[PDB]
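Okay, here's what each chain looks like letter by letter:
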Amino acid sequence: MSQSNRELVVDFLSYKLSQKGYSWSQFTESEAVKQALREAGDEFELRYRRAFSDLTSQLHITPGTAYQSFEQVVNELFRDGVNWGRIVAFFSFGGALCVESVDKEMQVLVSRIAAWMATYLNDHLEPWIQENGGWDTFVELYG
Ligand SMILES: O=C(O)c1cccc(-c2ccc3c(c2)/C(=N/Nc2nc4ccccc4s2)CCC3)n1
């Protein structure tokens, strides 16, 4: 479902904004997915992210930025195709984009990034997810 993905994105972003000191007011199997994803994002940010180039310096979102610009940049996470670890990085990257947005007084962009993330997730990532056991398999691995 594309609506459960939308909830999933919103859940992750709300968690990230709260954790980092900002307002989140910008907008069971499912809870198991959200919690494992929140947890995996923290782990990635804490231990893994710094091994890579900072993808946020490739993208400066303003109210005029088009989806396609976001899409092209996120595409780099998937230069070698999709795996769960890059999917997790994808969420963290969205969260970082949102934190930076709220920080520079462009909090309106948070809901747009959310929409962008759901769109990107629904067409580029979801086919690999369904092929590789769906989100329940993610919970088995990362929960
Ligand atoms: O296991 C893997 O293959 C894996 C796991 C997690 C991430 C990645 C991966 C693969 C390719 C790239 C990356 C990560 C990149 N990461 N750069 C990031 N920069 C930031 C900055 C903030 C929040 C998240 C991120 S993710 C940019 C360069 C291209 N690969």
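Rules behind the numbers
Residues numbered from 1 in each chain as written, not as in the entry; some residues may be left out. Heavy atoms only, no water. Residues with missing side-chain atoms left out of burial classes, pairs and counts. UniProt positions renumbered as here; feature names shortened; annotations may be inferred. Helix = DSSP H or I, 4+ residues; strand = E, 2+ residues; numbered from the N terminus. Near = heavy atom within 4 Å. Polar contact = N/O pair within 3.5 Å; in protein donor to acceptor, adjacent residues only side chain to side chain. Areas by Shrake-Rupley, 256 points an atom, 1.4 Å probe, with all protein chains shown as cover. 1 Å grid on protein atoms, 1.4 Å probe; cavity = no way out; pocket = protein on both sides within 12 Å on 5 of 7 lines; lining within 4 Å. Sits in = over half its atoms within 2 Å of the grid points. Nonpolar A, V, L, I, M, F, W, Y, C, P; charged D, E, K, R; others polar. Buried < 20%, exposed > 50% of the residue type's maximum accessible area, 1.4 Å probe, protein only. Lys, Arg positive; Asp, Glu negative; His and termini not counted. Salt bridge = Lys/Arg side-chain N within 4 Å of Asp/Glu carboxyl O. Contact = heavy atoms within 4.5 Å.

Per the deposited record, X-ray crystallography is how this structure was determined, to a resolution of 2.288 Å.

*Asks:* Describe the UniProt feature "short sequence motif: BH4" in the chain, with residues and values.
*Replies:* UniProt records the feature "short sequence motif: BH4" at residues 4-24, using the numbering of this structure. Helix makes up 81% of residues 4-24 and strand 0%. Its end C-alpha atoms lie 19 Å apart.

*Asks:* Describe in detail the site of the ligand, supporting the description with residues and values.
*Replies:* In the neighbourhood of the ligand, 17 residues make up the surrounding shell, with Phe52, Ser53, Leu55, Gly85 and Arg86 lying closest. Within the backbone of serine 53, an N or O atom sits 2.8 Å from a nitrogen atom of the ligand. Here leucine 55 contributes a backbone N or O atom positioned 2.9 Å from a nitrogen atom of the ligand. When isolated, the ligand has an accessible area of 620 Å², and the protein chains bury 86% of it. Among the cavities detected, the one that contains the ligand is the largest pocket. In terms of residue count, helix α4 (residues 84-103) provides more of the shell around the ligand than any other element does, six residues in total. Here the residues of the shell around the ligand sort into seven nonpolar, five polar and five charged.

*Asks:* How would you sum up the environment of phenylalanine 93? Please name residues and give values.
*Replies:* Mapped onto the fold, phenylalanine 93 is located in helix α4. Taking the C-alpha atoms as reference points, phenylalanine 93 and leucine 77, separated by 16 residues in sequence, lie 9.6 Å from one another.

*Asks:* I'd like to hear about the side chain of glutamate 126, residue by residue, with values.
*Replies:* Relative to the elements of secondary structure, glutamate 126 occurs in helix α5 (residues 109-131). The charged side chain of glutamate 126 is buried without a salt bridge, its nearest counter-charge being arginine 6 at 11 Å. Only 3.2 Å separates the side chain of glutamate 126 from the side chain of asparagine 5, close enough to count as a polar contact. If sequence neighbours within four positions are ignored, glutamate 126 has contacts with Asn5, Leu121 and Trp135.

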